[PDB]
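Two forms, one chain: they're shown below as structure tokens, one block per form, named structure 1 and structure 2.
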Structure 1
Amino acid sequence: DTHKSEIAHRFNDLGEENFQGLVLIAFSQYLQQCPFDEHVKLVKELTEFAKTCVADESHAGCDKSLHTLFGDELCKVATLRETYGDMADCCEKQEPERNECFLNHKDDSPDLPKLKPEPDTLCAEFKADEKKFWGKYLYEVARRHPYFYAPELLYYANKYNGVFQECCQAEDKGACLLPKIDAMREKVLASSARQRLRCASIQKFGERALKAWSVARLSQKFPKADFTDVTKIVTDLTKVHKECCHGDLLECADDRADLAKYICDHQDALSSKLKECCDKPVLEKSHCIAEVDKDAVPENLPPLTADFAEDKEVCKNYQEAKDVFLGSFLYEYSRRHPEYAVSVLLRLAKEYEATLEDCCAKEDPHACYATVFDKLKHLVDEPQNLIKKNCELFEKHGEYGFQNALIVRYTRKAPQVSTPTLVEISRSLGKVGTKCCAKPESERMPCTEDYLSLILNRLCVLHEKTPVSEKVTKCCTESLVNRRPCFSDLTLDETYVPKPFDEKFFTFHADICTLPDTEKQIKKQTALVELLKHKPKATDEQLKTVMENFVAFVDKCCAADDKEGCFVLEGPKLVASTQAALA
């Protein structure tokens, strides 16, 4: 009834600016290939209707579900079948099947042109119309990242406004803007891959998967909070995420504000670090809570062995409520160990489960489970050795070299995967050395495992849409928690049948010389994957040889008088020599 006017409710809660930015973000994530101009028209239609409903909630159609009015507007796009083909058959369904149908067509890899920041243009547009400028930013990020966490995206537009405000008054605009745009881009991609994982985890493993993970993570952040408080916040947070992942962006933002306000209302029970956040306006306040540091572990917490090893009544407590007991173990263990990664803590709780499953059936269980922490130690040693061996590799070779060593590893593990994905994934895995290796001791394992989760999740998303490795299938779907170690344990796929040498990847036109350093690296790393797809067992000496000849060749032609001529006429020599080197 009254609150059947969901659209009026949302508009009242969020205010017009946020309402519109959220509706814009929604259209952009569902119809990633429509122009801004079109999306602005749809947002204005729905805002105008919301305003009619606010004035009068009994107006016709004002009682429809917000998500229904929104799906109806999507279906009312004339080019819908021309552009999105099958997507239009979504329209023939009732909700919530219609939406689940639309969501299915969200495109994780839409391959839209690269935005190349032209600072003077950016600044002319920003000066012309600040509000259109920000809209075009939301649209452009949102269409590229159809699962971006919508309220954070509103936040980024507000935050970076100060950028343009200061930078666009300067004469040397590009010196001011370009470093900041780079940093903006960094946060955005980080944020995107994080939200992508939250959505994949809900969709492929269930809401409970994301809850477990959140319980670990918040217990580290708010180690003084009570289990029941963590539980309340995680559930409310998981609803917010499920809503954003399902395209319910207004309800998602509305629920998040409520959560931010609840966390500020109760900060004394939660963390003293929250004081910084709580006098801020709503988007910054939520951002600031999402980013707050771990509070200090309180004094006087009993040793974990008191409740979970020494205690003679573990088996009783576990059999009486298996799930609460493990949840509680997870909370207790997480609060005391901010230095452990979330997934390591989840792996610890699973192994603990396994142990009690075995131990409680036994004659005398207490003797069996009392040494459980000795059993668990390997789950902490292995991530540690991973980090140790990889960080020395990274520092021995630097980022690009480290990327190249993972190119070799990953092509072997998953040779069926497409070369652009193996290059993209391997370059990100190597950047995990750049982001994590130099961090403090108590940050290295959380940082390493968290970025590995984000990048393997990106591999799983791409792969699940066009499956070509049974092994990558296995590691993606068998267990969210064991993804990283499942991937880590892969050896050369002995099932794989080598492809013939693909020469095009070792032959070039003159415009290779003109490429940015990154694109040049990508060309080389692409060649590298191709070497291995052809000869997965090539020796390091062969690979270095080929790649040294490759760089040598490009140098030589790029320095020629006739570049094209040297590439085309000499190019067959690199091909010939490369093959001779693989004999």
Structure 2
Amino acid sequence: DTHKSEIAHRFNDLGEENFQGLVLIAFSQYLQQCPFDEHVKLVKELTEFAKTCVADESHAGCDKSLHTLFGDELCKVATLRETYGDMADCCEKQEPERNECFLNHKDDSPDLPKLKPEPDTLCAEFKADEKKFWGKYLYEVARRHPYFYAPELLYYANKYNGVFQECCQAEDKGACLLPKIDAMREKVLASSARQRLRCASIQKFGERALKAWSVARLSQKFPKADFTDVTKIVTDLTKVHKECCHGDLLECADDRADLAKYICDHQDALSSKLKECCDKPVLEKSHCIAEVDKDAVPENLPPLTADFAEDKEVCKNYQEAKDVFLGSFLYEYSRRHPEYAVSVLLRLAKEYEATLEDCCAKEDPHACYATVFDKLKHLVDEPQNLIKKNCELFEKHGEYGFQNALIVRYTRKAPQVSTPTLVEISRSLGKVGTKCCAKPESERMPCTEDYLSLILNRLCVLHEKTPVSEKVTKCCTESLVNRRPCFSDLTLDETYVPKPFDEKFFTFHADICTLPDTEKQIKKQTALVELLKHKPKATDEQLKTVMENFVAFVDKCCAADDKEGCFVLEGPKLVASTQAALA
């Protein structure tokens, strides 16, 4: 797969809208800190050429590689912000270390303003210049989530655009889109969290880890497929994900559309559930597929024991072709159990392997593994006690109150982890309870255990930037499969030494009165954590006390005429009230 020109080939195979979309998405992801203007300049230029090259392919440079042009028209034209302690230098170096540099400056927590949707303003920018508006949703998003799966972002930018198109005619604009962009915002964050797991697997964990996940995912959705065609899909689908993580975004997309086609040529041996998706346009297509409902468990399927427990050849197979035998086990197990979460299924493929390892060198392997499946059914007991026990706590306290309980756990579990992180993480776990505890339990486990896999991974990439807690590095590093369990076990690090007391961590101002509900809670929960870090041993009761006083006090002072003065006047009292009172 070489061409007269890679760029003209991508431009033809993608068109202008998506071409530009992805190109801007690349830059926004490299240079997360340059404003949107500069970006669109550069997109037009490589958009310039692509036409030049559809026009005449033999033209000077039409032949260079994609890293090349992206580099030259990013680097030598405007050597943007050397200030980046990272970026300045790669510039002058060539193929392909220069691009290799570029990628590795990606920042996973770039701390730009969190934008809160204001309808009247938003509707307006949509009326002013509908295409900029769409470009800025890309730049804004992509720049916050430098590993967002690019094609899937385009499809999201067009959805957002369909909401403004539907809603701005209305008289209460708000009651129209706010909701619609709310539940959409979630979809996009889960999308981001899910492709960072992919990327982080391929890198800390080997690409084989990626294929295993995918192999479970697809064997539930296409339960009626052969193992060979599942492996064929998981094969190319991984190349897709591979490129996207690798920044070959354009390659990534063209390649995702082929796989979508291929999937539609064979929709027959795949599922009688893909025909909607298989005549939709390009991107709707790929989004639809990935998300299609799990086909029906085929009829009259052999017991699993037939090949994984009674067959005599088990140990031979395991020894002659380990991966093969095991992928097959994974397929055969997943297509029979859609109610299971991909995360759990892998712990089970892993456990079955542990058992083989063990018995295949005992003297009578079959007596040892013959009962394996009865064992396996029970490993699911834990992740379901866990979810049950955490849901009750949630329905009890409701969301905020759940979050606040998770804050005490996780702070006690990893006190060395920075406060924004304990706050961020602690808030997403909380939410899973909102997202899942009402689900039928045939969708629950999947729900719950899937998200936890995404939230923990977030935990992991924040932490491994600035490692501080050893237990966490362990949980993050040992087995991708056992992470959730690992972290759940964490007990209070008895190694920890208290933060020294500090009035600013409990100083409060009258902004609390006025901020949105999210900013208000993050404020309070940020205090909780610091309270913990400074007294880790502290009894839950002592905390309730302490939170209770903070609350009453935010009230007495938010009802005041002069709100700030209040905060200046009783503030101390509440400080003092905290230190000696619950010392």
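Residue 1 is the first residue of structure 1, and the numbers go on in sequence order from there. In this text, rigid core is short for the largest set of C-alphas that superpose within 1.5 Å between two forms.
Asks: When the rigid core of both forms is overlaid, which of 321, 278, 124, 360 is the one whose C-alpha moves 2 angstroms or more between structures 1 and 2?
Replies: Once the cores are aligned, the residue moving by 2 Å or more is 124.
Asks: Residue 226: with the rigid core matched between structures 1 and 2, does its Cα shift 2 Å or more?
Replies: No; residue 226 is a residue whose C-alpha shifts by less than 2 Å between structures 1 and 2 when the cores are overlaid.
Asks: With both forms fit on the core, is the shift of the CA atom of residue 512 between structures 1 and 2 2 Å or larger?
Replies: Yes, residue 512 moves 2 Å or more.
Asks: For residue 298, decide whether the Cα shift between structures 1 and 2 is 2 Å or greater, given a superposition on the rigid core.
Replies: No, residue 298 moves less than 2 Å.
Asks: How many Å does the Cα of residue 552 travel between structures 1 and 2 when the structures are matched on their rigid core?
Replies: The alpha-carbon displacement, core-superposed, is 1.1 Å.
Asks: What's the distance in angstrom the Cα of residue 39 travels between structures 1 and 2, core superposed?
Replies: With the rigid core fitted, the alpha carbon of residue 39 is displaced 0.7 Å between structures 1 and 2.
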